[PDB]
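Trainee: Would you mind keeping the following structure in view while I ask a few things?
Note that we place each Cβ from the backbone using ideal geometry, even for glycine, and neighbour counts take in every protein chain shown. Laboratory data are not the source of any read-out in this text; all were calculated from the coordinates shown.
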Amino acid sequence: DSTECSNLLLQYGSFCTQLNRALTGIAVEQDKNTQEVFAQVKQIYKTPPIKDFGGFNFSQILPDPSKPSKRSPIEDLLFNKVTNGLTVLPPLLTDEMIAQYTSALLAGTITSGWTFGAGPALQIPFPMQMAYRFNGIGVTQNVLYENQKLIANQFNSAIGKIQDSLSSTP
Amino acid sequence: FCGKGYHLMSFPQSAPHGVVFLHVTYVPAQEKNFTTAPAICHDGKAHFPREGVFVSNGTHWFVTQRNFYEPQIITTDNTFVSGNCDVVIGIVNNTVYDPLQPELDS
Amino acid sequence: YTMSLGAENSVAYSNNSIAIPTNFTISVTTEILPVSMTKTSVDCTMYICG
Ligand SMILES: *[C@@H]1O[C@H](CO)[C@@H](O[C@@H]2O[C@H](CO)[C@@H](O)[C@H](O)[C@H]2NC(C)=O)[C@H](O)[C@H]1NC(C)=O
Ligand SMILES: *[C@@H]1O[C@H](CO)[C@@H](O[C@@H]2O[C@H](CO)[C@@H](O)[C@H](O)[C@H]2NC(C)=O)[C@H](O)[C@H]1NC(C)=O
Ligand SMILES: *[C@@H]1O[C@H](CO)[C@@H](O[C@@H]2O[C@H](CO)[C@@H](O)[C@H](O)[C@H]2NC(C)=O)[C@H](O)[C@H]1NC(C)=O
Ligand SMILES: *[C@@H]1O[C@H](CO)[C@@H](O[C@@H]2O[C@H](CO)[C@@H](O)[C@H](O)[C@H]2NC(C)=O)[C@H](O)[C@H]1NC(C)=O
Ligand SMILES: *[C@@H]1O[C@H](CO)[C@@H](O[C@@H]2O[C@H](CO)[C@@H](O)[C@H](O)[C@H]2NC(C)=O)[C@H](O)[C@H]1NC(C)=O
Ligand SMILES: *[C@@H]1O[C@H](CO)[C@@H](O)[C@H](O)[C@H]1NC(C)=O
């Protein structure tokens, strides 16, 4: 609040304008980064009420209805595990909207595969989508269909191990 | 990476201190519902599509390519056999045509 | 206002239904990427001292 200090500071020119402009550029760049990462779909996809995906369980990654924040258990664990003229500007996208974007991406990739990323979301059964992914890596569809229960059990076990590993590693 | 949609090609254009890429992509449109099955049960054998997918318009079963609707008769030339019908969940019963059958029939 | 992320689109998922495209659109999109800047040189002695 010193007037004499500001009068002497004016002798140095537009240094303050340069610093404010650089900080403003960084601040808008962070919002641009968040838009580029999370806002890649213009449709908010939602999962069907019946979670019949041929044995595949997505409860640990889909949003929890019981939580007011509408986050997944994994996302909730992630949020729990992260702890003089200065101002902190809030991010343009809040945490619930970022969670909504991730939920839309999850719903699109579960119900439609990769179709929603290239155009209109085309529905496909999830085992058939997994079979398409199997064909992408050079494994025949029959292998997926014959061992579908085993593949679903392995996927659920791996997702649970991911949650346990995140909860058990500082 | 090269535009929204399935990338077909791209064209470069010079710009002042920059480049403009015109990405030509293929976008699916006018989609239609069909009833689908993982495999076709015929003669106690399970048939799977070689490159396409089994679709049904309500009464008849066909095999088509995944990115464009082009229904074709389910034959032995576009399907492959792996195992019986007891293992695959959701297998449906439909006939599988044999192109060689009229040749020895005549 | 509170911004809207996108229009809601509930995909009609079921265990035995697929959506197959019957047509296509050849879509051309633009992507602008900067390549170079203006090449500026400053004579340090002449700038500071003339
Ligand atoms: C999907 O997985 C979730 C969690 O892995 C299962 O929910 C569990 O259900 C059992 C039995 O009802 C409960 O004892 C557990 O406490 C539940 N866990 C959680 C985290 O809620 C769920 O049953 C699985 N299957 C389906 C169809 O959702
Ligand atoms: C599903 O498609 C098949 C073949 O495109 C349809 O079968 C044809 O139906 C027309 C109209 O009755 C007949 O004139 C043709 O002779 C049929 N072709 C064959 C090979 O049978 C079938 O009707 C379609 N089903 C529905 C519900 O649209
Ligand atoms: C598809 O065809 C198979 C074989 O023809 C059917 O399986 C038969 O089902 C009847 C009804 O219970 C049994 O009596 C036979 O013994 C079964 N045969 C075999 C080889 O398993 C099957 O039910 C048919 N499915 C549909 C939907 O028509
Ligand atoms: C495929 O069938 C589903 C279910 O019959 C259609 O989904 C419905 O479409 C109507 C049309 O506007 C909506 O009002 C309903 O809310 C939709 N239901 C669900 C659960 O999404 C779907 O539109 C059909 N797709 C095509 C291409 O015909
Ligand atoms: C696929 O969509 C194209 C549009 O790109 C359709 O082409 C149009 O067809 C109508 C009627 O024949 C014409 O009046 C339009 O001028 C055509 N548009 C263009 C850009 O040529 C095409 O007919 C559609 N095909 C199917 C099978 O639905
Ligand atoms: C789809 O689920 C229904 C029960 O909702 C079941 O009767 C039917 O057999 C299932 N179809 C496939 C292909 O899994």
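Trainee: With respect to C:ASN23, is the statement that it is surrounded by 10 or more Cβ atoms within 10 Å (Cβ to Cβ), part of a strand (DSSP E or B) and within 16 Å of ligand 5 (Cβ to nearest atom) true? Please lay out each step first, then the result.
Mentor: Details: surrounded by 10 or more Cβ atoms within 10 Å (Cβ to Cβ): yes; part of a strand (DSSP E or B): yes; within 16 Å of ligand 5 (Cβ to nearest atom): yes.
So C:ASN23 fits the description; yes.
Trainee: I would also like to ask the following. Against the definition (at the interface with chain C (Cβ under 7 Å from one of its Cβ atoms), farther than 30 Å from A:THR140 by Cβ and surrounded by fewer than 19 Cβ atoms within 10 Å (Cβ to Cβ)), how does B:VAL27 come out, yes or no? Walk me through how you get there before you give the answer.
Mentor: Numbers: at the interface with chain C (Cβ under 7 Å from one of its Cβ atoms): yes; farther than 30 Å from A:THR140 by Cβ: no; surrounded by fewer than 19 Cβ atoms within 10 Å (Cβ to Cβ): yes.
No; evaluated as a whole, the condition is false for this residue.
Trainee: Let me ask something else. How many residues does segment A:36-55 contain that are within 11 Å of another protein chain (Cβ to nearest Cβ) and either part of a helix (DSSP H, G or I) or surrounded by 15 or more Cβ atoms within 10 Å (Cβ to Cβ) (or both)? Break it down into steps so the answer makes sense when it comes.
Mentor: To start, the set of residues in segment A:36-55 that are within 11 Å of another protein chain (Cβ to nearest Cβ) comprises A:38-55.
Still in the list and also either part of a helix (DSSP H, G or I) or surrounded by 15 or more Cβ atoms within 10 Å (Cβ to Cβ) (or both): A:38-39, A:41, A:43-48, A:53-55.
Residues meeting the conditions: 12.
Trainee: What number of residues in segment A:108-131 are more than 16 Å from ligand 6 (Cβ to nearest atom) and within 17 Å of B:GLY90 (Cβ to Cβ)?
Mentor: Residues meeting the conditions: 0.
Trainee: Checking the structure you have, find out if any residue of segment C:35-46 is farther than 30 Å from A:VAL41 by Cβ, under 26 Å from the mean Cα position of the chain (by Cα) and either surrounded by 10 or more Cβ atoms within 10 Å (Cβ to Cβ) or at the interface with chain B (Cβ under 7 Å from one of its Cβ atoms) (or both).
Mentor: Scanning segment C:35-46 turns up at least one residue that is farther than 30 Å from A:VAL41 by Cβ, under 26 Å from the mean Cα position of the chain (by Cα) and either surrounded by 10 or more Cβ atoms within 10 Å (Cβ to Cβ) or at the interface with chain B (Cβ under 7 Å from one of its Cβ atoms) (or both).
Trainee: Name the residue that is farthest from B:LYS32 (Cα to Cα), counting only residues in segment A:131-164 that are within 11 Å of chain B (Cβ to nearest Cβ) and small (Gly, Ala, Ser).
Mentor: Taking the candidates together, the pick is A:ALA152.
Trainee: A:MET128 passes all but one of (1) of a type in the set (A, V, I, L, M); (2) buried (at least 17 other Cβ atoms within 10 Å of the Cβ); (3) more than 30 Å from B:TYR26 (Cα to Cα); (4) within 14 Å of chain B (Cβ to nearest Cβ); which number fails?
Mentor: Looking at each condition in turn, A:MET128 falls short on (3).
Trainee: Give just the number: which of (1) more than 28 Å from C:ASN15 (Cα to Cα); (2) within 14 Å of another protein chain (Cβ to nearest Cβ); (3) surrounded by fewer than 16 Cβ atoms within 10 Å (Cβ to Cβ) does A:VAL28 not satisfy?
Mentor: Of the numbered conditions (1) more than 28 Å from C:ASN15 (Cα to Cα); (2) within 14 Å of another protein chain (Cβ to nearest Cβ); (3) surrounded by fewer than 16 Cβ atoms within 10 Å (Cβ to Cβ), the odd one out for A:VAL28 is (2).
Trainee: If we keep just the residues of segment B:30-43 that are loosely packed, with under 15 Cβ neighbours inside 10 Å and within 7 Å of chain C (Cβ to nearest Cβ), which is farthest from ligand 2 (Cβ to nearest atom)?
Mentor: Step one: list which residues in segment B:30-43 are loosely packed, with under 15 Cβ neighbours inside 10 Å, which gives B:30, B:32, B:43.
This time we only want the ones that are within 7 Å of chain C (Cβ to nearest Cβ), so: B:30, B:32.
On the way: B:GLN30: 17, B:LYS32: 11 Å.
Filtering segment B:30-43 for residues that are loosely packed, with under 15 Cβ neighbours inside 10 Å and within 7 Å of chain C (Cβ to nearest Cβ), the one farthest from ligand 2 (Cβ to nearest atom) comes out as B:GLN30.
Trainee: Collect the residues in segment B:49-67 that are more than 17 Å from B:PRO28 (Cα to Cα) and buried (at least 20 other Cβ atoms within 10 Å of the Cβ), keeping them in residue-number order. Working first, answer last.
Mentor: So in segment B:49-67, the residues more than 17 Å from B:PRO28 (Cα to Cα) come out as B:49-51, B:54-63.
Those that are more than 17 Å from B:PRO28 (Cα to Cα) and buried (at least 20 other Cβ atoms within 10 Å of the Cβ): B:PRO49, B:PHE54, B:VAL55, B:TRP61, B:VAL63.
Trainee: OK, next. Taking the stated definitions as given, is B:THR95 within 16 Å of ligand 2 (Cβ to nearest atom) and surrounded by fewer than 16 Cβ atoms within 10 Å (Cβ to Cβ)?
Mentor: Details: within 16 Å of ligand 2 (Cβ to nearest atom): yes; surrounded by fewer than 16 Cβ atoms within 10 Å (Cβ to Cβ): yes.
When the stated conditions are applied, B:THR95 passes them.
Trainee: Which of (1) touching a strand residue (DSSP E or B) at 6+ places or on another chain (Cβ under 8 Å); (2) loosely packed, with under 14 Cβ neighbours inside 10 Å does A:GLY108 not meet, given it meets every other one?
Mentor: (2)
Trainee: Can C:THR38 be described as in a loop (DSSP other than H, G, I, E, B) and more than 22 Å from A:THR111 (Cβ to Cβ)? Let's see the steps before the verdict.
Mentor: Working: in a loop (DSSP other than H, G, I, E, B): yes; more than 22 Å from A:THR111 (Cβ to Cβ): yes.
Against the criterion (in a loop (DSSP other than H, G, I, E, B) and more than 22 Å from A:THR111 (Cβ to Cβ)), C:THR38 qualifies.
Trainee: A further question on this structure: Does C:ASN15 qualify as being closer than 25 Å to A:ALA118 by Cα, at the interface with chain B (Cβ under 9 Å from one of its Cβ atoms), within 16 Å of ligand 3 (Cβ to nearest atom) and over 21 Å from the mean Cα position of the chain (by Cα)? It would help to see each step written out before you state the result.
Mentor: Values: closer than 25 Å to A:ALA118 by Cα: yes; at the interface with chain B (Cβ under 9 Å from one of its Cβ atoms): yes; within 16 Å of ligand 3 (Cβ to nearest atom): yes; over 21 Å from the mean Cα position of the chain (by Cα): yes.
It is true that C:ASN15 is closer than 25 Å to A:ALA118 by Cα, at the interface with chain B (Cβ under 9 Å from one of its Cβ atoms), within 16 Å of ligand 3 (Cβ to nearest atom) and over 21 Å from the mean Cα position of the chain (by Cα).
Trainee: Another question about this same structure. Checking the structure you have, find out if any residue of segment B:44-61 is touching a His at 6+ places or on another chain (Cβ under 9 Å), at the interface with chain C (Cβ under 10 Å from one of its Cβ atoms) and within 16 Å of ligand 5 (Cβ to nearest atom).
Mentor: Within segment B:44-61 (the criterion being touching a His at 6+ places or on another chain (Cβ under 9 Å), at the interface with chain C (Cβ under 10 Å from one of its Cβ atoms) and within 16 Å of ligand 5 (Cβ to nearest atom)), the answer is no, since none of the residues qualifies.
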